[PDB]
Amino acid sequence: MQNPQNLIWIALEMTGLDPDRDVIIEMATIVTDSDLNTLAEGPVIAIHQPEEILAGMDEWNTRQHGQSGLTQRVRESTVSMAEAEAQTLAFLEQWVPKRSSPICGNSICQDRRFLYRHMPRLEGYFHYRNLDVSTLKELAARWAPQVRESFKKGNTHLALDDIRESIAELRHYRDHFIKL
């Protein structure tokens, strides 16, 4: 079912924003076709981390991951960083060839930095380009502000809804900002 024009959408949670200090603790993927129709929803994986890494989180991250239950999911998880990378790759290979899809979503430069450091095989599976919806948001803010303000950002508390809202944002810009 591989297709070189299918898009890989990703969402990550981390202990913090610095790849040298921090690690990935949750990952999720969705594969769409070129026209943003969902083909398959990938595994949502809580990645195990030892207690000292969990205690090393700052105040905002200890509170947010604690209150969301992710911290307890991470503590209980029996899936290592490398195993989660392999689990995600096994899913994506059924749908997208290697080096075909850019990383798609929002704030994905930060995602690429974390994948490069902690999941280099998955990072290398993407095309080197980023498909970041926020480029369209920035251009719309300048050239068509009404399109940016008419986007209704739904709930993104959980990982698949988070990705789906990024797909919906791009879909919004295709319907109202892109000439076709």
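When you see a residue number, it is the position in the sequence shown, counting from 1.
Averaged over CA atoms, B-factors in the entry run higher in 141-149 than in the other of 141-149 and 113-121.
When the two stretches 21-29 and 167-175 are set side by side, the higher mean Cα temperature factor goes to 167-175. Across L131, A55, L70, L136, the greatest Cα temperature factor reported in the deposited entry is at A55. Note on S101, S77, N106, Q94: the highest value goes to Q94, judged by CA B factor as recorded.
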